[PDB]
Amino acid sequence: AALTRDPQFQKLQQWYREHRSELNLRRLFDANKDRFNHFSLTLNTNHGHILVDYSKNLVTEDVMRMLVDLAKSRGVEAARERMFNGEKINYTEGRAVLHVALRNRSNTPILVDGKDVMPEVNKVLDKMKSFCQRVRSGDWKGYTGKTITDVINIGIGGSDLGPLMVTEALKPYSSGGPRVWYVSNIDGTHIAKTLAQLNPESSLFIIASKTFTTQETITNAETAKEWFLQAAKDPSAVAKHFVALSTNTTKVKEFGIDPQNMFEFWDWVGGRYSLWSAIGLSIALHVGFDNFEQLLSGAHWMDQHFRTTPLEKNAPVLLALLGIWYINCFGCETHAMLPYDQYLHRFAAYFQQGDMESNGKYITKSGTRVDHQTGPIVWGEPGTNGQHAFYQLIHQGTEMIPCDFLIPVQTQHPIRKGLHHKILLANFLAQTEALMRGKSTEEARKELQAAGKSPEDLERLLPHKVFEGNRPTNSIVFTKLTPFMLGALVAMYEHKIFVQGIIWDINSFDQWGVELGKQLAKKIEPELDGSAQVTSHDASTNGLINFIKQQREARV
């Protein structure tokens, strides 16, 4: 593979093999009182500051230098320009990758097959703005003349996670907006329990599906329509309660949706990078189009930082480089994202898709199989919840787990004169401090002696109280989680993911890995009907199907 053959990578790996057991956070900080200044970035977006402190990582100036050299050697900057210039960097599908055009507030032309994409982008945005205005003003009414109180987004993967995570994160800005609901699972309980809490007369459904033939999404949509029509009866009423986010005008018309209410996007918009397009309609409806533009503007700001900042001080790039260090040198399988913010409770889940579906690849640009690790397993839970759930393993377990700790300085709810956020902040800081410092046998011993522990009891319990520490973390702190700031943060990670993919020489923008499961599922569907034994698959699949048919009747 390209990466393994890179001289800069080889240089990095040789340094690692020689000075690995030399890297100790406690000692690094004790020897360099200016470590924080040397390994941290402070970004002023003019709408809040972003501090990216990567000083608690197992790195030195030499390591960072070699890492930056690896990025240059792998052509990170050239690839970046190709992305922004509209070139088909999604080589397996032969398409451009332009989620950056979706939020290109400067409106500088971006060509695709010699044609500027911006006019179309702004056309859809204008349509979104108009629609959001009417629904929020109460001008758009249901079939019985009532205003919309609830908006239901139906989609899977990228047509679901992004909008859901953002509306959850910007909940405080939804004043004067309709309630939003997200239905994604084909599991019938999802649409069912959602519909049970809604009134057909004041509900607006958003069907998100490029092709408008997506099995899960369309099945849910048809279930929603049957439910609606059961109340409305009149088919022409569907046009007042259903809109589509796609490009299939024919199927959209067939469903009963008014064509002028079809918000399209393009093939250069990846699902896991689509919240910035028409897919984000529910976002705009919930918090208003103005806040939606703020969201886009934050991303655009981060897009520029990524493009004009030298690699050595480039946030997305350094975040990606640090991950390559832990993944390809320390051999860490996972990456934890721990935001200390309840509104961001689905941030980690969102990037679980953005990162994993982008970089969970094994075939390089030249068709060669990688001979090294690629995308890591991303996971996490928001601050203090995760801390009281699985931190025991991060502190005293056996796995090395790079962790990103995020938090806004200003809270959306400064209740009790800021008492809650104070404690939240203190824990945010204490956890990375502990993770790095740990507690030695001697330090633990002193504590146990002070507790008046028996000489014998002290020696028995002592080892259990030792924290080996030396566990690396990133601390990302931003002024306040506003729509603009959230846009900047999401874009930052999108570009981190982009850099790592280029370094690994994989295609972060295709997803051929989903085809097999879909193919095999279609074959099993017709076999589930009936009580006849199934024997067309392997013994397990067969046995599972027959157990299912047996228990179908079981009364419990």
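Throughout, we count residues from 1 along the sequence that is shown.
In this crystal structure, the stretch out of 523 to 531 and 500 to 508 whose C-alpha atoms carry the higher mean B factor is 523 to 531. The stretch with the higher mean CA B factor, choosing between 477 to 485 and 92 to 100, is 92 to 100. Going by the entry's values, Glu443 shows the largest Cα B-factor out of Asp355, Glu433, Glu443, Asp303. The PDB entry assigns the greatest CA B-factor among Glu456, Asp150, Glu77, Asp404 to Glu456. Ranked within its chain, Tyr493 lands in the lowest third, by CA B factor from the PDB record.
Among the modelled residues of its chain, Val52 has a C-alpha B-factor that falls in the lowest third, as given in the PDB entry. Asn546 sits in the middle third of its chain by CA B factor, as recorded in the PDB entry.
The entry lists a Cα temperature factor for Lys171 that places it in the middle third of the chain's modelled residues. Split the chain's modelled residues into thirds by C-alpha temperature factor. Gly397 is in the lowest one.
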